[PDB]
Amino acid sequence: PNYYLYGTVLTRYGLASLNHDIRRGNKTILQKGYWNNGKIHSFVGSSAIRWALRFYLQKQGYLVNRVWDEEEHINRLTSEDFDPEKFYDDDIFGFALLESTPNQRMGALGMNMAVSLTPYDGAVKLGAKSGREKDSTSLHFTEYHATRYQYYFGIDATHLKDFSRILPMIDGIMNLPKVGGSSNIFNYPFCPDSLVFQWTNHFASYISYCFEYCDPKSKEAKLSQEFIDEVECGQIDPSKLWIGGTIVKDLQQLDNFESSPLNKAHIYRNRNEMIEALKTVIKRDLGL
Amino acid sequence: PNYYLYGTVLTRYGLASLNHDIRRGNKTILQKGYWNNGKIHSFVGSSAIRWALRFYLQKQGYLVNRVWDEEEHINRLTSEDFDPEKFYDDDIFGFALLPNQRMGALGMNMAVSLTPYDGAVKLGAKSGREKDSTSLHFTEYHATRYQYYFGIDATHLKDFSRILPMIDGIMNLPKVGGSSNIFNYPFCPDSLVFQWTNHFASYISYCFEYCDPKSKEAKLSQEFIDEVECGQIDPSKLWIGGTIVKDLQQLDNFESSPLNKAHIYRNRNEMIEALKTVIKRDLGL
Amino acid sequence: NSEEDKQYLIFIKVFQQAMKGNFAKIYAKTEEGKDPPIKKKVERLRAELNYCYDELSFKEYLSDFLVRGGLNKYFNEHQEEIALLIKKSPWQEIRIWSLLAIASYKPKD
Amino acid sequence: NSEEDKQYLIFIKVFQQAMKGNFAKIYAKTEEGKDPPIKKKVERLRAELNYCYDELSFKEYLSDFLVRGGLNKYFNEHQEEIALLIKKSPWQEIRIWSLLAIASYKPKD
RNA sequence: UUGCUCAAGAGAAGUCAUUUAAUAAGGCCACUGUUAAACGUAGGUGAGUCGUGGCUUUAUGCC
DNA sequence: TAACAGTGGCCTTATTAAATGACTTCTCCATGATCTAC
């Protein structure tokens with residue numbers, strides 16, 4: 001069968017300056033654009049999260065064609081010919097050798113840009129080279145944003161050369177390394193704090209961006225009313241829905257939760273337990 | 001009796017970079033043009049959606065002449081002579097030798113973004129050091145919902161039962177060609193307006209409209225609603241499903257409106273089941 | 001001719017006067033044998049102009065720049081016209097007008 | 001037409017009157033042959049306007065500023081609607097309007 | 001009454017059937033807004049409802 | 001009251017620029033020998 005693992009993960013609240021834009025002048029700006037209600041939100045590119053996943057795969061052993069040097073900040077290819085059968089990164093993220101086994105691969109992972117849950121209003125941090133001497137590289141400004149981030153991903157498990165490689169990918173999504181950004185002054189952990197995963201065998205997802213804010217300048221996060229209506233109306237089979245994280249407390253505090261169809265979903269407050277149950281189901285379905 | 005299934009579907013809100021046009025220099029140009037109000041709207045070609053439907057048919061049995069290899073990224077023809085009587089692909093989408101050439105039982109129009117496209121450019125760089133001509137590039141995205149209009153001539157099908165898998169594919173559309181690695185955009189619909197009538201006159205094309213520039217509320221329409229009220233588009237032949245139902249039922253005097261007696265289901269699967277029951281009854285399946 | 005064209009031209013004049021005032025302030029700020037800025041201050045103004053998002057930020061920056069310019073007769077004579085023009089109109093169009101004023105301010109100095 | 005800009009314009013007018021009154025009060029404050037600055041007063045007003053951090057700040061600031069503005073007639077026949085306008089609308093929009101009023105204030109004196 | 005007088009280039013025709021601009025990519029790495037200060041001494045206000053109820057000597061005040 | 005308003009490096013790498021077949025169909029002649037009717 002064609003099994004797909006869709007999911008929307010919500011990060012933790014904190015000061016973020018992860019993905020920047022063109023250098024411009026002395027001020028480094030975030031990647032921002034209109035998201036909802038005509039308000040400007042800050043974005044984190046999906047290529048950053050893919051790079052973080054690749055780095056996780058490299059760090060925890062495994063075989064990756066691309067090896068981040070981490071010392072000279074260079075990328076080395078162990079084999080000039082991509083081999084998705086052997087290397088994890090080639091199997092998962094695909095490749096494209098255009099300079100002139102197939103030279104191209106579609107990859108089993110599809111990500112979308114991480115969107116800040118909170119609109120980006122101000123939040124420019126003054127930065128100085130200090131000392132008493134002054135020069136051109138003395139006064140600079142860096143944009144930050146105190147918000148949670150939320151991104152959507154989908155995995156075509158059957159497309160994987162080795163069906164068991166999905167498990168390290170889930171582990172990497174859980175224990176994600178730093179997502180490319182100014183971690184020296186804005187250390188933002190990208191590990192999930194709320195999860196909405198769906199392990200189904202059809203292409204429709206309906207769980208793209210299920211998290212929405214309340215009191216637009218607050219850290220509080222709640223499931224969007226559209227997602228709850230989707231679950232209650234009959235769509236989104238609860239048996240295929242895995243919800244885990246700090247959103248579990250808010251979900252259980254809802255009125256008529258026991259009578260709601262959302263109660264029949266796999267709801268775990270502890271993320272590790274939810275991941276373990278989901279991986280058990282995945283191993284059963286994929287014959288691992 | 002001639003039977004036609006016209007429909008306009010609305011996709012979910014998300015960031016999309018589906019139909020890069022020509023790659024002007026350093027930038028992958030999202031396909032766009034003028035629409036409605038004289039504003040630039042991004043487009044998704046109908047050939048992309050037809051390819052997605054073909055892939056859906058291939059992925060679940062459903063013998064097809066064209067087989068997407070998915071590994072060599074090439075198309076293979078099982079039979080060089082197109083046979084609409086045997087293959088779903090030839091029967092549905094037609095062909096052309098350049099013979100019989102078919103005509104195509106499914107007619108589709110280009111998907112149109114519900115919102116104008118402002119600039120939506122995303123920067124892309126390749127790691128660090130040893131920078132070359134490919135180190136820096138830009139990609140154009142769009143955070144809106146897409147909306148397309150399709151029409152099916154059910155009687156034109158060589159096998160009448162093949163319309164059901166097409167509806168299933170439309171409601172379970174696979175990846176519509178685009179930058180799925182970076183901008184994964186599901187093309188499954190969250191709002192549908194289907195019309196199962198028996199004459200070649202449809203007034204539901206591109207019914208969904210909200211403008212309100214940068215937003216996602218996606219109200220149904222005022223011209224389509226007026227069309228329903230005026231007397232044509234009889235509600236017995238109208239099928240409305242999806243998140244638009246919640247907004248529809250919250251309208252004033254909705255109970256007294258003729259739009260009330262249309263087949264309105266909040267759950268898309270329930271409306272699809274009812275519509276398929278009606279189709280099977282009408283077509284003698 | 002045409003009211004919109006006249007308003008656009010005299011808004012260009014307003015912005016040029018504001019840049020003259022700001023550049024005079026920068027000239028007064030620097031002292032000693034250090035060379036006062038001429039061109040890199042224009043580059044800084046450009047960078048600050050493009051560092052703008054949404055209607056609020058750009059209008060805030062434009063109003064602050066106009067006030068920092070100090071005295072200006074063109075805004076003095078036309079209060080209602082320029083007040084309406086700045087309050088209305090898309091901010092991107094006003095940024096285009098400001099850049100056009102920047103590119104042609106220099107014949108004064 | 002479209003009385004929103006009517007409210008915007010008379011807000012600008014009463015702001016100019018209030019700042020004129022406050023400058024007159026400053027003129028009363030100073031003494032002796034020292035020249036009372038005029039441009040520095042505008043700079044100080046702009047700096048104080050930029051000193052605020054939303055809602056409470058700049059709302060009590062601008063209300064206090066208008067109160068010290070003195071006997072403002074246009075304020076007197078426009079108490080209720082200007083109070084409603086101040087209570088509504090984002091504070092940064094009010095700051096933009098105030099800065100525009102400062103930039104277009106002089107020809108009164 | 002004019003090298004003239006009179007004088008329809010007229011009737012009919014689908015540019016059609018078919019086609020993913022697709023596959024891959026961290027705007028990245030570094031930066032204190034450092035150092036010092038007596039508050040000395042004199043600047044004001046925008047807005048309803050209608051005939052005794054628990055204490056207390058009517059008183060007259062409390063809730 | 002002051003001094004700074006970014007220091008770098010890149011600005012796409014491939015690939016294919018159409019595949020078929022049709023390229024008007026009819027008619028309206030001018031003039032003299034001969035037939036024929038008055």
# chains A, B, ... in the order shown; residues from 1 in each chain; ligands from 1
>>> interface_residues(of="chain C", to="chain B", cutoff="12 Å", atoms="only C-alpha atoms", output="list in words")
residues 53, 54 and 92 of chain C
>>> residues_around(residues="residue 259 of chain B", least_positions_apart="4", cutoff="8 Å", atoms="only C-alpha atoms (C1' of nucleotides)", output="list in words")
residues 225, 228, 229, 235 and 254 of chain B
>>> write_last_selection(atoms="C-alpha atoms", output="short mmCIF file (atom, residue, chain, number, x, y, z; two decimals), in the first residue's frame")
data_model
loop_
_atom_site.label_atom_id
_atom_site.label_comp_id
_atom_site.auth_asym_id
_atom_site.auth_seq_id
_atom_site.Cartn_x
_atom_site.Cartn_y
_atom_site.Cartn_z
CA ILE B 225 -25.52 33.08 -4.93
CA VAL B 228 -29.03 30.27 -7.34
CA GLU B 229 -31.64 32.69 -5.95
CA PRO B 235 -30.74 23.13 -6.03
CA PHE B 254 -30.54 30.73 4.84
#
>>> calpha_fit_rmsd(fixed="chain D", moving="chain C")
0.6 Å
>>> interface_residues(of="chain B", to="chain A", cutoff="8 Å", atoms="only C-alpha atoms", output="JSON, numbers by chain")
{"B": [12, 14, 15, 71, 72, 120, 122, 123, 124, 127, 128, 129, 130, 143, 171, 172, 173, 174, 175, 180, 181, 182, 183, 184, 185, 186, 187, 188, 190, 213, 214, 215, 216, 243, 266, 267, 268, 269]}
>>> closest_residue(among="F:29, F:37, F:10, F:4", to="chain B", atoms="only C-alpha atoms (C1' of nucleotides)")
F:10
